[PDB]
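Listing of data33.pdb; format and content: PDB, N, CA and C atoms.
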```pdb
ATOM      1  N   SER A   1     -16.052  33.043 -13.916  1.00  0.00           N
ATOM      2  CA  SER A   1     -17.140  32.696 -14.874  1.00  0.00           C
ATOM      3  C   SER A   1     -18.255  31.969 -14.116  1.00  0.00           C
ATOM      4  N   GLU A   2     -17.955  30.764 -13.703  1.00  0.00           N
ATOM      5  CA  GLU A   2     -18.945  29.932 -12.948  1.00  0.00           C
ATOM      6  C   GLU A   2     -18.897  30.248 -11.445  1.00  0.00           C
ATOM      7  N   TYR A   3     -18.678  31.507 -11.172  1.00  0.00           N
ATOM      8  CA  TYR A   3     -18.593  31.999  -9.767  1.00  0.00           C
ATOM      9  C   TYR A   3     -19.952  32.435  -9.201  1.00  0.00           C
ATOM     10  N   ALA A   4     -20.846  32.840 -10.067  1.00  0.00           N
ATOM     11  CA  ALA A   4     -22.206  33.288  -9.619  1.00  0.00           C
ATOM     12  C   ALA A   4     -23.236  33.129 -10.747  1.00  0.00           C
ATOM     13  N   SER A   5     -22.818  32.496 -11.813  1.00  0.00           N
ATOM     14  CA  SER A   5     -23.713  32.262 -12.986  1.00  0.00           C
ATOM     15  C   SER A   5     -24.078  30.775 -12.953  1.00  0.00           C
ATOM     16  N   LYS A   6     -23.066  29.967 -13.136  1.00  0.00           N
ATOM     17  CA  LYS A   6     -23.258  28.486 -13.128  1.00  0.00           C
ATOM     18  C   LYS A   6     -23.766  28.007 -11.763  1.00  0.00           C
ATOM     19  N   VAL A   7     -23.582  28.826 -10.761  1.00  0.00           N
ATOM     20  CA  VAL A   7     -24.021  28.501  -9.373  1.00  0.00           C
ATOM     21  C   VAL A   7     -25.486  28.043  -9.337  1.00  0.00           C
ATOM     22  N   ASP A   8     -26.268  28.739 -10.117  1.00  0.00           N
ATOM     23  CA  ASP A   8     -27.730  28.455 -10.224  1.00  0.00           C
ATOM     24  C   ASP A   8     -28.044  27.497 -11.381  1.00  0.00           C
ATOM     25  N   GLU A   9     -27.418  27.724 -12.505  1.00  0.00           N
ATOM     26  CA  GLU A   9     -27.657  26.848 -13.701  1.00  0.00           C
ATOM     27  C   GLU A   9     -27.261  25.376 -13.457  1.00  0.00           C
ATOM     28  N   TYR A  10     -26.281  25.190 -12.615  1.00  0.00           N
ATOM     29  CA  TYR A  10     -25.763  23.832 -12.256  1.00  0.00           C
ATOM     30  C   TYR A  10     -26.392  23.311 -10.953  1.00  0.00           C
ATOM     31  N   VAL A  11     -27.045  24.188 -10.226  1.00  0.00           N
ATOM     32  CA  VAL A  11     -27.703  23.794  -8.929  1.00  0.00           C
ATOM     33  C   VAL A  11     -28.436  22.437  -9.024  1.00  0.00           C
ATOM     34  N   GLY A  12     -29.096  22.213 -10.134  1.00  0.00           N
ATOM     35  CA  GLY A  12     -29.842  20.932 -10.339  1.00  0.00           C
ATOM     36  C   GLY A  12     -28.890  19.736 -10.168  1.00  0.00           C
ATOM     37  N   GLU A  13     -27.789  19.773 -10.875  1.00  0.00           N
ATOM     38  CA  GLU A  13     -26.796  18.659 -10.778  1.00  0.00           C
ATOM     39  C   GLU A  13     -26.261  18.568  -9.341  1.00  0.00           C
ATOM     40  N   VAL A  14     -26.049  19.698  -8.707  1.00  0.00           N
ATOM     41  CA  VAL A  14     -25.530  19.677  -7.297  1.00  0.00           C
ATOM     42  C   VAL A  14     -26.508  18.850  -6.453  1.00  0.00           C
ATOM     43  N   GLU A  15     -27.768  19.181  -6.576  1.00  0.00           N
ATOM     44  CA  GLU A  15     -28.829  18.462  -5.821  1.00  0.00           C
ATOM     45  C   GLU A  15     -28.735  16.961  -6.114  1.00  0.00           C
ATOM     46  N   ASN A  16     -28.601  16.641  -7.376  1.00  0.00           N
ATOM     47  CA  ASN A  16     -28.497  15.210  -7.801  1.00  0.00           C
ATOM     48  C   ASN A  16     -27.360  14.513  -7.034  1.00  0.00           C
ATOM     49  N   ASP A  17     -26.222  15.161  -7.034  1.00  0.00           N
ATOM     50  CA  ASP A  17     -25.025  14.602  -6.328  1.00  0.00           C
ATOM     51  C   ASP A  17     -25.347  14.407  -4.844  1.00  0.00           C
ATOM     52  N   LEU A  18     -25.899  15.435  -4.256  1.00  0.00           N
ATOM     53  CA  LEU A  18     -26.271  15.406  -2.816  1.00  0.00           C
ATOM     54  C   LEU A  18     -27.141  14.185  -2.529  1.00  0.00           C
ATOM     55  N   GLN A  19     -28.160  14.045  -3.336  1.00  0.00           N
ATOM     56  CA  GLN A  19     -29.127  12.908  -3.222  1.00  0.00           C
ATOM     57  C   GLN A  19     -28.372  11.588  -2.972  1.00  0.00           C
ATOM     58  N   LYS A  20     -27.434  11.336  -3.849  1.00  0.00           N
ATOM     59  CA  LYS A  20     -26.587  10.104  -3.776  1.00  0.00           C
ATOM     60  C   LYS A  20     -25.643  10.092  -2.559  1.00  0.00           C
ATOM     61  N   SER A  21     -24.882  11.152  -2.427  1.00  0.00           N
ATOM     62  CA  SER A  21     -23.902  11.310  -1.310  1.00  0.00           C
ATOM     63  C   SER A  21     -24.523  11.047   0.072  1.00  0.00           C
ATOM     64  N   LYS A  22     -25.681  11.618   0.280  1.00  0.00           N
ATOM     65  CA  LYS A  22     -26.427  11.465   1.564  1.00  0.00           C
ATOM     66  C   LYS A  22     -27.880  11.132   1.192  1.00  0.00           C
ATOM     67  N   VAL A  23     -28.085   9.864   0.941  1.00  0.00           N
ATOM     68  CA  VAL A  23     -29.432   9.336   0.560  1.00  0.00           C
ATOM     69  C   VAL A  23     -30.247   8.991   1.823  1.00  0.00           C
ATOM     70  N   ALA A  24     -30.323   9.964   2.701  1.00  0.00           N
ATOM     71  CA  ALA A  24     -31.071   9.820   3.992  1.00  0.00           C
ATOM     72  C   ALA A  24     -30.608   8.579   4.784  1.00  0.00           C
ATOM     73  N   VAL A  25     -29.341   8.268   4.627  1.00  0.00           N
ATOM     74  CA  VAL A  25     -28.690   7.097   5.308  1.00  0.00           C
ATOM     75  C   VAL A  25     -29.284   5.760   4.825  1.00  0.00           C
ATOM     76  N   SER A  26     -28.555   4.700   5.072  1.00  0.00           N
ATOM     77  CA  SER A  26     -29.014   3.338   4.658  1.00  0.00           C
ATOM     78  C   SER A  26     -30.305   2.948   5.405  1.00  0.00           C
TER      79      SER A  26
END
```

Would you write out, as structure tokens, the structure that this file holds?
Amino acid sequence: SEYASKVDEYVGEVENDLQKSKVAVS
């Protein structure tokens, strides 16, 4: 289901997570 559909629809949230995970280092 979310194998190639949600991949793009959820991309926004992925980016959000990334932002936090690696916030261009301290």

Query raised in the report: At what distance in Å, to one decimal, does CA of residue 21 (chain A) lie from atom C of residue 8 (chain A)?
Result: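 Separation between atom C of residue 8 (chain A) and CA of residue 21 (chain A): 19.5 Å.
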
Query raised in the report: What is the CA of residue 15 (chain A) to CA of residue 1 (chain A) distance in Å?
Result: 20.5 Å

Report task. Quick one: pull the distance between atom N of residue 3 (chain A) and atom N of residue 16 (chain A), Å, one decimal. Result ->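 The value is 18.3 Å.
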
Query raised in the report: Looking only at the backbone, which of the residues in chain A does DSSP tag as helix (DSSP H, G or I), as number ranges by chain?
Result: A: 6-9, 11-21

What box, with edges along x, y and z, holds each listed atom of region 5-24 of chain A when 3 Å is added on every side, and can you state its centre and edge lengths in Å to one decimal, as lines of an AutoDock Vina configuration file?
```
center_x = -26.9
center_y = 20.5
center_z = -4.5
size_x = 14.3
size_y = 29.9
size_z = 24.5
```
